[PDB]
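Input: a single structure, listed below in structure tokens.
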Amino acid sequence: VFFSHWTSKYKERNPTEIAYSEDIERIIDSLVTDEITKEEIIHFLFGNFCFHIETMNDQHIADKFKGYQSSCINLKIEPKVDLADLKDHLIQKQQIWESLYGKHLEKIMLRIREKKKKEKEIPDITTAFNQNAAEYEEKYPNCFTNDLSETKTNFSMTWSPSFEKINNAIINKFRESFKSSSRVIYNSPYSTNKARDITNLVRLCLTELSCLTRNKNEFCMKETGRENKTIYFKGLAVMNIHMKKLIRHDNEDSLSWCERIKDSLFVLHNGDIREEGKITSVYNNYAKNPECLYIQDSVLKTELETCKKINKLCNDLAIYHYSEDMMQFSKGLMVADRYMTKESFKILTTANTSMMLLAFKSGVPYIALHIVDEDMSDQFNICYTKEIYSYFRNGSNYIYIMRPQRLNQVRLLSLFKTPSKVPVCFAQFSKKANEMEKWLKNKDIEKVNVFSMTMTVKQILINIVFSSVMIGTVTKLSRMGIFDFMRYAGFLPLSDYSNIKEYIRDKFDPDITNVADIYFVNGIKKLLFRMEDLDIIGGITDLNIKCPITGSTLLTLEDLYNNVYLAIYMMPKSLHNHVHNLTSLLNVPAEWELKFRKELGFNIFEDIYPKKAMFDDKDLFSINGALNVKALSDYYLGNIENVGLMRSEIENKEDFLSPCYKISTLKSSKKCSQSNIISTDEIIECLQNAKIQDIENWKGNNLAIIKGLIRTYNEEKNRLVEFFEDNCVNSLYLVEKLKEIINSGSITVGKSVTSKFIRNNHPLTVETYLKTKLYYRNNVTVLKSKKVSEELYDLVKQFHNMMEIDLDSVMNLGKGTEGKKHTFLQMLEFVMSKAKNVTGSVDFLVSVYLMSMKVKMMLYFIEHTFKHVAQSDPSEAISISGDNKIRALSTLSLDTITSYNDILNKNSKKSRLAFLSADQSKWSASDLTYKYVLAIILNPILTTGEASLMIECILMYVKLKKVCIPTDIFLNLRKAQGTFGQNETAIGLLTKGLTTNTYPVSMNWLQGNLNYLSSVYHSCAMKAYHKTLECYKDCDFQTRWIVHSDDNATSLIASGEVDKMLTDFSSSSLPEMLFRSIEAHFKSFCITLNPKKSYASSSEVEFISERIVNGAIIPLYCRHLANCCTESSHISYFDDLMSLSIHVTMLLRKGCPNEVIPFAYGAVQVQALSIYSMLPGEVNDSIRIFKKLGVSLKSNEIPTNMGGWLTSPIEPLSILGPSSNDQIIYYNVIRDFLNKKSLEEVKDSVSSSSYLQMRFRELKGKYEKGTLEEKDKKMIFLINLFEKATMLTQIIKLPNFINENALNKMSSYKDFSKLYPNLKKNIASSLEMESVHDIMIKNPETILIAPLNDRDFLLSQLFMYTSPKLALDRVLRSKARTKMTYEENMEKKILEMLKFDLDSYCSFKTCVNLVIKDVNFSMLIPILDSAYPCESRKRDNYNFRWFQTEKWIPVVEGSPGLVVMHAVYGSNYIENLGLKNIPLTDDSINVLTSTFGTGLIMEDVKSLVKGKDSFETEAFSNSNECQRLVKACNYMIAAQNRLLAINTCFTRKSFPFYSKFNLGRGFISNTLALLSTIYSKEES
Ligand SMILES: NC(=O)c1ncn([C@@H]2O[C@H](CO)[C@@H](O)[C@H]2O)n1
Ligand SMILES: NC(=O)c1ncn([C@@H]2O[C@H](CO)[C@@H](O)[C@H]2O)n1
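With the deposited numbering as the guide, the letters of the sequence shown map in order to residues 316 to 481, 490 to 514, 520 to 539, 578 to 607, 654 to 773, 782 to 954, 970 to 1283, 1297 to 1733, 1750 to 1786, 1813 to 1854, 1867 to 1880, 1889 to 2090.
See the structure below:
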């Protein structure tokens, strides 16, 4: 049945003694035990398919039986002759193999009892902390100094004073203040050459060196006095352009000092007088009157007043101005990172009235200068007691100079993210603080101020301000370590943790190097003290305290997790260096591979070797062997049901037996990282044909090769000598030629310039430098990065024997559908036959992970043949239908487990329940890979030959894998070992003294390569754990498991003799024994549990995120909240706004509070405007340009691609998405122009014909009479916008770097430059161009259709070429000429769109149709129009109970089928706006090639000269609007031919080829019920 097709030609091959390697023999020979012998394991493993015999075709059965008989012939075991002997032997095997699980149960019990009596029993957490300090003092002697005057800087490297006086005037004020007599007073850190030197340096730089100026602020010194030069050089010597000092965790003077620091911070912050700015404008637009963001404003008022009060407190406490100053000064420092030298400096001054900094040439060293009045000076001294060198008195003011500080680039970027980080932290902390919220509810907006707060509310505001300041501008690594510790140390309120005290004793790093992190340390210590002191309302009985913000009297448990994980997730990632980060990413496989090699006893030099017969139930790297086979056999028998139907479904859906370019994974523009090296023959021929008479005439690659060999000879002569010896016979001739070239003297040599040699030179120089430097009788390769769409083209050319491209060779074969094609598996076996030949094993090379095309195809085969095996398991959740399925399957697991326990607890003896939420420690490095070949062999889906191919792929992948080091990292490591170390770590042990580029890694299969097979093996291990647990005699067990890669969510319900079973398992609780038994079983199955980020509980489940307790979920919206303010795509403004509006929509879907949404809007808009299109008050705005030109559009009607602001209403944003604002403004303008009231009215008017023509004619008459109106001008502007333009596009697209200078790197362009000569590389051009279009117009399928077969792919790639760290770059690109400017480009563009123009009926009516015809819009808008505000079981509660009722629950009773009021939503992809742009582009390129053909055959094309029929029909199509006429024709024509490529050409030329060949037209969409996955906890 189902026509089982042989999808290979390896039918004669067998898994044993036919493949290249013999490792299967020793794999079988390593599985012999004392009771299972050689013939039994051979019989079971090579004939276990007999259980899958009632759903197999006869050809499949005969092929597998022949494979069994053959494999037993090579494996010297006499096989059985008929199937009956096979079945009898298999029932004997199933009995004796069944007698193993009691032995495994006794083994895991003995392992638990062995692991019990070894670890520790520590009394409490205070003793654990004291012990951890004791071992840290034992490792490093005499730390934890008691003198606080030698710690590090406290207030980061930025110190902002509020200012009272109202850009060169500030610098002149400082210059006139600095001219008084010297009365300086030096300061002690916690109660002096450096202060004197920095005072003299600042005094000189202010008085005498300021007025050779550049860019109005940057100036240097050359013609100065010798005394001034001495002062400047002493200042630069102070600049400098284990010795750690720590403090103990239980200090008290540090607490008192930190309290004084907090009060002085608050009284310093409450002094500002400014009231206008850039950040203030956008945040006040979004939060001062946020009622424009709602539709039903009157039903909630206290939330809006609370948001207004929070914004008023932000305005009062100078939060916006502090964030603005931080952003502008970080931008100025990033600009100051420039080619300016060490003798120049810059004066940074923002709109702050009297704050200055001096920036000099690891980071940027700088000094800050401040003016402080006599009112608040001692509080300034208390604040900055660590960071004040000098101060003096002038008039009624004090002048303060701070210490030099250094900033890195990513640190300046994190300072640049301050206006997005800080105000949302303040808003959510003030929202979550209970007594602050009740005080804000008590007071009215006219009366809130600091002076009328009580002591407690004042203190909690001080703590909130301090926490927000120290969280939003985090720079140093101590806070990173503290927040990582608090991330990993929140597991104490639960039953069993195994990291409550051992984690603190072992892995906690007490790296407290300064003050005011002790506040966070004592906060988390007090929380853990309360937790150890001993739906669910939390804090009403425990009376818990928040860690950062203290925040007493917590209402629910939902706030603690949200605030703590907000502090966790709002931290920057790469505060470590880029080179060090790549070293860390490349170095961990070296450690975890050499550990494996040294433990198993392999040495460095020898081969990988498959089996040392030590893979029998050991601890480090082993499996049980004879148990995994039985577990996989039972898993396959219980999972796979219909082999033939499943195989046919694989071949149909996953597209086996299809051409390779039809695979979407192997077609899209990714990178394959092939190896390409400049040829040694090319190098020696360049050296041979280099002419000494042409020393000045050398240009290009010859000059690059000459400079490379000159540098190689200058650095290392002997290696070049032996390279010439082994690569040329005339080595003396080459040496004397090189000597004559270096004695000519017309070339330039260089010294060791580190990374600059690769930075400012041609790549060929450094490639020939590396190749001539590292010749060690091998071929060192550096991987390039080619596209996969250009390797597939070369592979097809190689497969079809077209090594060199000919124009007639492609055209000979491939006429229509019946031409020559190929399939993916014949391609794959041709690839394997090519790769099995000796080629130096360059095919298997991984560079940081970029795997080759060959390996990509092989893991595509493995992963997509195991994907459908993974799809049939209901307890397995990697094959999900989106992110909804994970949460849905998790909550079905939890509620069915709770239901089964509630059933079981009635009338039973005893019953216990325990959950486990585990993450595995190292899923890739510590794992074994030879356990996977076993899972390949008993696969019943495959036949003989495909399983052998799979085994060949896995064995070659394991045995031949290597990892190559990048060039700059390799050179830096080499020079570091050469000049400092003369030795290296394990990365320099795998590589022979760093004399090799590649180091081998085999048993660590790389992350993400094998995702489905590993999860399948994890689920098999879980089922084997259940089968082991079932063998206990006195108790009844039930286990349920959820499996994702590197994850596990288990639960177990036990009944029976509970006290006896816990005494046997040697633990006091069911979570404790569950943790120990899962650890023992996973250790038996070569899976290493992580003992710190894993816990066993009785009520809480955490799969990947959003932990759920007792059937009720904690929402966890802080991930989206930190994502919106931290992470952005950084490609353009429109795309970043759309991509973060997706995150705003998701945050609205996850149930956030009301007060955070306007601040989130402000955060995304501040980020987008601050990077790309400058926030208002300066150049490159859009509202300023629209106001200057007098454009008819308003401030809130500008589209986002034109620079407009996101002003979508919240419910359409949540339901539709980021395109809803463009759709809404378009629909509003249509309704305003057509003088209609409703969507139904305008649809009924448009649907009747002879209407829009009449409107266009009367609008033309109005334009002729000059009686245009405001709505008419808006209509003309948007009509032109759609004509010259998700619905819309970027319009102004700034071109990237011109890669036409690198198009010679691409093989399709190289083939296009050969069969067509250099006339068309960049009268012969006319006739060649004419030949190109008549061979293009004879084949419309090539340029209209994605490739049906061959002669539709490679010549399409030829013919498509016819006719025409990163944050600093695009913060400077806008302020540059790329030529003209962006602002004048927008000026010229809008001046072009402002005119009426003619022949715009096509764009007008297509805009009208595309806006009106959308089904989701046409159903959503009347529901939003006619929704009653409250009551009738809709609005009852107020605690975030309108972000859940009026959003989406009426939306789902709307689009329909449901009844919920409160649920967390995971939405479908119902809205699609791309059902017309694809045929628009297809018919656009159709008219493009038609117009170019007719313009080539003659000029002035208005009507043709009656050529052929296709030319006549394309003339008729281009006479009118071609797209509009073909849409109007297909409105009633309904041909829909069968696409045989012969009858379509028979029927009619133009219209069938360019209407139906897109497989459809604009048809009606489909609407779903939004897929409410799971409830929230209901409130009423
Ligand atoms: N004139 C130069 O070549 C120059 N100027 C500055 N540096 C760098 O300054 C550091 C030494 O002070 C090294 O990193 C150099 O590369 N080099
Ligand atoms: N980026 C991450 O979130 C990450 N990185 C590593 N790990 C896990 O944490 C362990 C080390 O603590 C590793 O073995 C991984 O399982 N998690």
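Even for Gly, the Cβ is constructed at its ideal location relative to N, Cα and C.
Rounded C-alpha distance that separates residue i from residue j
i     : j     : result
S1777 : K1785 : 6 Å
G362  : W321  : 20 Å
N682  : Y734  : 12 Å
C982  : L1461 : 42 Å
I884  : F846  : 7 Å
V1925 : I1980 : 10 Å
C1534 : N1059 : 9 Å
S782  : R826  : 7 Å
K1440 : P1414 : 17 Å
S1697 : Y1096 : 44 Å
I1756 : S1244 : 42 Å
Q407  : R1082 : 30 Å
Cross-strand partners of residue i (DSSP beta bridge)
i     : result
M767  : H790
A1366 : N1496
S840  : DSSP output for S840 lists no bridge partner at all.
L827  : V784
Residue i vs residue j beta-carbon contact at 8 Å
i           : j     : result
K435        : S1514 : no
residue 519 : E2089 : Structure remark: the chain lacks residues between 514 and 520, so residue 519 is without coordinates.
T466        : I659  : yes
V1223       : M1301 : yes
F1551       : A1469 : no
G1610       : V842  : no
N447        : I924  : yes
Cβ-based burial, residue i [other Cβ within 10 Å; buried from 16]
i     : result
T1392 : buried
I1833 : buried
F478  : buried
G1456 : exposed
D994  : buried
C719  : buried
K921  : buried
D1241 : exposed
Residue of the options minimising C-alpha distance to residue i
i     : options                    : result
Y513  : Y1674, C2039, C803         : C803
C1573 : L1585, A1125, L1035        : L1585
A399  : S1936, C365, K1719         : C365
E1226 : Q1261, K1106, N1571        : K1106
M605  : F497, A771, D684           : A771
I972  : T991, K1905, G689, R950    : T991
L1364 : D916, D1494, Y1780, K1172  : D916
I1182 : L1218, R1212, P1198, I1145 : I1145
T1852 : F2002, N1149, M752         : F2002
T468  : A936, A523, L716, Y455     : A936
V1281 : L1072, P1519, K1409        : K1409
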